[PDB]
Amino acid sequence: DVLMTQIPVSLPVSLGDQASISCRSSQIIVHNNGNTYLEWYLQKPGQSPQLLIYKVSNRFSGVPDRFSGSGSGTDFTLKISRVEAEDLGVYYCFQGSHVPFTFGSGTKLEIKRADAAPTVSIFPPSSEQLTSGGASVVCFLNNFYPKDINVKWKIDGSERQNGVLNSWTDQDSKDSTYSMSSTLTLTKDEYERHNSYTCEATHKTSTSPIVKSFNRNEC
Amino acid sequence: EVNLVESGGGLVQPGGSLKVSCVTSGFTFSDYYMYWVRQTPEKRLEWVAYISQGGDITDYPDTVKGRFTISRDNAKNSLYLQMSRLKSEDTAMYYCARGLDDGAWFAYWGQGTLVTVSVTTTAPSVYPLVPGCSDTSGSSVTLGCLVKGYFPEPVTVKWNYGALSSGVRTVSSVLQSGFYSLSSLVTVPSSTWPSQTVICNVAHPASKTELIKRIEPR
Ligand SMILES: COC(=O)CCCCCCCCO[C@@H]1O[C@H](CO)[C@@H](O[C@@H]2O[C@H](CO)[C@H](O)[C@H](O)[C@H]2O[C@@H]2O[C@@H](C)[C@@H](O)[C@@H](O)[C@@H]2O)[C@H](O[C@@H]2O[C@@H](C)[C@@H](O)[C@@H](O)[C@@H]2O)[C@H]1NC(C)=O
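Chains as they are written, first to last, in the working numbering: chain A, 33 to 251; chain B, 71 to 288.
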């Protein structure tokens with residue numbers, strides 16, 4: 033068993049940057065001499081991994097010239113001469129010279145860009161859902177940067193809640209911004225008891241809390 | 071173009087068994103060694119097995135040898151993997167891969183198939199996410215679909231049968247009370263919707279449930 037090592041585990045890098053990831057094997061690889069079977073894999077968000085380099089430096093059909101692989105013995109390196117937005121993902125190195133075949137721990141590439149403010153949206157629960165026992169109201173914050181955001185829910189303003197569930201979207205492969213949601217789940221009755229629902233997104237780009245609302249009843 | 075579509079996948083109880091498959095296309099199946107690779111929840115990649123053109127020479131890692139059995143069918147250009155005595159650690163996304171004549175392992179990967187070892191399966195309820203706050207907007211209208219209460223992973227969300235791809239924002243599935251839920255939201259021009267119709271294609275494979283929802287004004 034040849035355990036592969038990758039440095040670093042995380043790599044925040046800007047656009048137009050030069051990026052190097054290292055892969056180090058427990059001991060020399062080398063199969064039947066015939067070169068070493070060391071490879072590089074990239075897995076973009078929501079997609080299968082994909083072959084970039086193989087045979088240490090043989091760039092798989094279709095991989096851009098910006099991708100380069102190097103190494104000898106136990107040390108191997110992948111340089112991304114000029115980081116493009118489409119490169120965010122995780123890179124792995126594989127060892128196919130000795131059994132068992134080993135994949136590296138993986139290095140995550142993150143693109144550092146300029147701050148961007150979110151675009152809030154409030155979504156009332158649907159009749160469809162109300163019939164199915166409960167009501168969920170979801171506040172959507174879109175296209176911001178950095179990832180760090182804060183979301184507060186005010187029930188009429190009188191209080192905030194704890195039955196809230198937050199979740200983020202992956203960094204965009206060609207926009208480099210995140211997007212997140214914040215769902216507040218209530219019963220249909222407790223919902224049909226209050227007037228307005230509020231969401232206050234407090235992000236660094238803004239000194240003023242982004243507020244969005246709706247009053248669940250007209251006449 | 072070479073293809074690799076995995077089949078099977080879903081929930082298997084611990085101690086149970088499963089047999090996934092992988093219908094190959096695009097290339098001459100009987101001429102390459104085939105593979106199976108799994109990616110565990112921590113996105114950790116693992117080689118699982120390999121088979122020769124004849125299916126006489128095969129190998130697996132210690133974490134799988136004995137329990138998993140990879141077979142092949144050349145008349146039906148398909149690859150197989152029988153799993154037995156499944157344990158939780160075995161929960162993963164299974165990809166059948168193809169190598170390279172010149173010296174590469176996984177050059178062509180399949181779409182994937184998730185095997186989950188544990189307790190019960192349920193289809194989600196799909197609802198429309200429509201605007202309500204009459205904020206001073208314009209240019210962009212944001213719509214979405216909420217897929218609530220399903221198990222296990224995953225769910226796939228298409229928009230207008232894969233037409234809409236640029237404005238598609240899909241958040242990670244959060245784990246509710248032993249259940250998952252997620253939102254997919256598409257942002258289309260104010261000129262588009264409500265004029266052009268916008269539909270969300272939702273599919274939970276582990277229950278063979280699929281539906282197309284049409285977001286219309288509230
Ligand atoms: C242009 O289209 C085509 O390629 C059409 C099909 C042509 C097939 C020609 C070859 C027919 C036999 O298939 C090859 O058998 C080799 C062994 O006899 C495979 O190599 C072995 O693969 C094992 C599985 O991973 C393992 O890696 C072995 O170490 C490896 O053997 C080693 O490499 C050989 C090439 C010899 O040097 C041998 O002495 C040595 O022990 C071929 O598999 C490919 O090569 C290996 C290294 C790996 O990269 C695989 O993923 C590749 O598929 C296999 N060839 C093919 C195309 O399947």
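We treat Cβ as the ideally placed atom computed from N, Cα and C, and that holds for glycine.
- For B:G86, which of B:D205, B:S247 and B:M153 has the nearest alpha-carbon? Numbered from 1 along the second sequence, position 16 holds the residue referred to as residue 86 of chain B. When C-alpha distances from B:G86 are compared across B:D205, B:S247 and B:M153, the shortest belongs to B:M153.
- Message: Less than 7 Å between CB atoms is the rule here; does B:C270 satisfy it with respect to chain A?
- Response: Position 200 of the second sequence, counting from 1, holds the residue named residue 270 of chain B. Interface annotation, B:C270: not in contact with chain A, CB-CB separation never under 7 Å.
- Check A:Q161 in the structure and name its three-state DSSP category. Here residue 161 of chain A is taken as the residue at index 129 of the first sequence, counted from 1. Three-state result, A:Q161: helix.
- Residue-level contact to chain B via CB, A:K111, 7 Å cutoff: Counting from one through the first sequence, the residue named residue 111 of chain A turns up at place 79. Under the 7 Å criterion on CB atoms, A:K111 is classed as non-interfacial with respect to chain B.
- Task: Quick one: residues in its chain with C-beta nearer than 8 Å to the C-beta of A:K76, no 5 flanking neighbours on either side, listed in chain order?
- Result: The residue labelled residue 76 of chain A in the question sits at position 44 within the first sequence. Within the same chain, A:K76 has close Cβ partners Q82, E118, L120, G121 and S205.
- Using 8 Å as the Cβ pair cut-off and three pairs as the minimum, do the stretch 166–185 of chain A and the stretch 213–227 of chain A touch? yes
- Query: For B:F138, which option in B:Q181, B:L88, B:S100 and B:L216 has the closest C-alpha, if you only look at C-alpha atoms?
  - Reply: The residue given as residue 138 of chain B occupies position 68 in the second sequence. Per the Cα distances, B:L88.
- Item | Neighbour list for B:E116 in chain A, Cβ cutoff strictly below 7 Å | Taking the first residue of the second sequence as 1, we reach residue 116 of chain B at position 46. Under the 7 Å cutoff, chain A gives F135.
- For the alpha helix (DSSP H) holding B:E71, just list the boundary residues, first then last. Indexing the second sequence from 1 puts residue 71 of chain B at position 1. Looking at the DSSP string, B:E71 is not in any alpha helix (DSSP H), and its letter there is neither H nor E.
- Message: Using CA atoms only, rank isn't needed, just tell me which of B:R168, B:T262 and B:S204 is closest to B:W106.
- Response: Taking the first residue of the second sequence as position 1, residue 106 of chain B is located at position 36. When only C-alpha atoms are compared, the closest one is B:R168.
- Roughly how many angstroms separate the alpha carbons of B:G78 and A:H226, rounded to a whole number? Locating residue 78 of chain B in the second sequence gives position 8, where the first residue counts as 1. Locating residue 226 of chain A in the first sequence gives position 194, where the first residue counts as 1. Distance between the alpha carbons of B:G78 and A:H226 is about 46 Å.
- Item | Where B:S277 sits in the DSSP three-state scheme | Your numbering for residue 277 of chain B matches position 207 in the second sequence. Residue state, collapsed to three classes: helix.
- Task: Could you name the residues of chain B that A:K244 contacts, counting a contact when the two beta carbons are closer than 9 Å?
- Result: Translated into the one-based positions of the first sequence, residue 244 of chain A becomes position 212. Those are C203 and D205, listed as they occur along chain B.
- In the DSSP assignment, what are the bridge partners of B:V238? Here residue 238 of chain B corresponds to residue number 168 of the second sequence, with the count starting at 1. Beta-bridge partners assigned by DSSP to B:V238: B:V256.
- Query: Can you give the beta carbon distance from A:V88 to A:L74, rounded, assuming they're within the 8 Å contact cut?
  - Reply: Looking up residue 88 of chain A in the first sequence gives position 56. Looking up residue 74 of chain A in the first sequence gives position 42. About 16 Å; that fails the 8 Å criterion.
- Query: Between which two residues does the alpha helix (DSSP H) carrying A:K220 extend?
  - Reply: Working through the first sequence from its first residue, we reach residue 220 of chain A at position 188. Residues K220 to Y223.
- Could you name the residues of the stretch 118–133 of chain B whose beta carbon sits closer than 7 Å to any beta carbon of chain A, in the order they occur along the chain? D129 and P131
- Message: Can you pull the chain B neighbours of A:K87, defined as C-beta to C-beta under 8 Å?
- Response: The residue given as residue 87 of chain A occupies position 55 in the first sequence. Within chain B, the residues near A:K87 are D172, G173 and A174.
- DSSP on A:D119, reduced to helix/strand/coil? Stepping through the first sequence from its first residue, residue 119 of chain A is reached at position 87. Here A:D119 carries a helix assignment [DSSP, helix/strand/coil].
- Message: Based on DSSP bridge pairs, tell me the residues matched to B:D129.
- Response: The residue you call residue 129 of chain B lines up with position 59 of the second sequence. B:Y120.
- Item | Helix, strand or coil at B:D101 [DSSP, three-state] | Numbered from its first residue, the second sequence carries residue 101 of chain B at position 31. Correct three-state label for B:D101: helix.
- Sequence ranges, alpha helix (DSSP H) only - wholly within the stretch 58–117 of chain A, length at least 4: Runs of the alpha helix (DSSP H) spanning 4 or more residues and lying entirely within the stretch 58–117 of chain A do not occur at all.
- Which first and last residues belong to the beta strand (DSSP E) in which A:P241 is found? Mapped onto the first sequence, residue 241 of chain A falls at position 209. Where A:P241 is concerned, there is no enclosing beta strand (DSSP E), given that its DSSP letter is neither H nor E.
- Task: Could you check the C-alpha separation between B:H274 and A:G103 for me, to the nearest Å?
- Result: Locating residue 274 of chain B in the second sequence gives position 204, counting from the first residue. Locating residue 103 of chain A in the first sequence gives position 71, counting from the first residue. Approximately 43 Å, taken between the alpha carbons.
- Decide if A:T209 is buried, meaning its Cβ has at least 16 other Cβ atoms within 10 Å, or exposed. Against the first sequence, residue 209 of chain A aligns to sequence position 177. Buried, by the Cβ-count rule.
- Message: Closer than 8 Å between beta carbons: that is the criterion. Which residues of the stretch 72–87 of chain A meet it against chain B?
- Response: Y73, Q75, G78, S80, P81, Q82, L83, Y86 and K87
- Message: Spatial neighbours of B:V75 within its chain, please: C-beta separation below 8 Å, excluding the five flanking residues on both sides.
- Response: Position 5 of the second sequence, counted from the start, is the residue given in the question as residue 75 of chain B. So the list reads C92, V93, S95, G180 and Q181, once near-sequence residues are dropped.
- Do A:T106 and A:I60 come within 7 Å of each other at the CB atom, strictly closer than that value? For the purposes of this step, residue 60 of chain A is identified with residue 28 of the first sequence, where counting begins at 1. For the purposes of this step, residue 106 of chain A is identified with residue 74 of the first sequence, where counting begins at 1. Closer than 7 Å, so yes.
- Would you please state the rounded distance, in angstroms, between the beta carbons of B:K283 and B:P224? I believe it to be under 8 Å. On the second sequence, residue 283 of chain B is found 213 positions in, with the first residue counted as 1. On the second sequence, residue 224 of chain B is found 154 positions in, with the first residue counted as 1. Not confirmed; about 18 Å, so no contact.
- Check whether the Cβ of A:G128 lies closer than 7 Å to any Cβ atom in chain B. Counted from its first residue, the first sequence places residue 128 of chain A at position 96. Chain B, which has a Cβ nearer than 7 Å to the Cβ of A:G128, makes this yes.
- Item | Whole-angstrom distance between A:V152 and A:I187, CA atom to CA atom | Sequence index remark: in the first sequence, residue 187 of chain A carries index 155 (1-based). Sequence index remark: in the first sequence, residue 152 of chain A carries index 120 (1-based). About 18 Å.
- Task: May I ask whether a heavy atom of ligand 1 can be found less than 6 Å away from the beta carbon of B:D126?
- Result: Locating residue 126 of chain B in the second sequence gives position 56, where the first residue counts as 1. No.
- Task: Excluding the 5 residues preceding and the 5 following B:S260 in the sequence, name in chain order all residues of the same chain whose CB lies nearer than 6 Å to its CB.
- Result: Position 190 of the second sequence, counted from the start, is the residue given in the question as residue 260 of chain B. So the qualifying residues of the chain are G208, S209 and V211.
- Message: Rounded to whole angstroms, what is the Cα-Cα separation between A:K179 and B:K135?
- Response: For the purposes of this step, residue 179 of chain A is taken as the residue at position 147 of the first sequence. For the purposes of this step, residue 135 of chain B is taken as the residue at position 65 of the second sequence. If I take the Cα positions, the gap works out to 42 Å.
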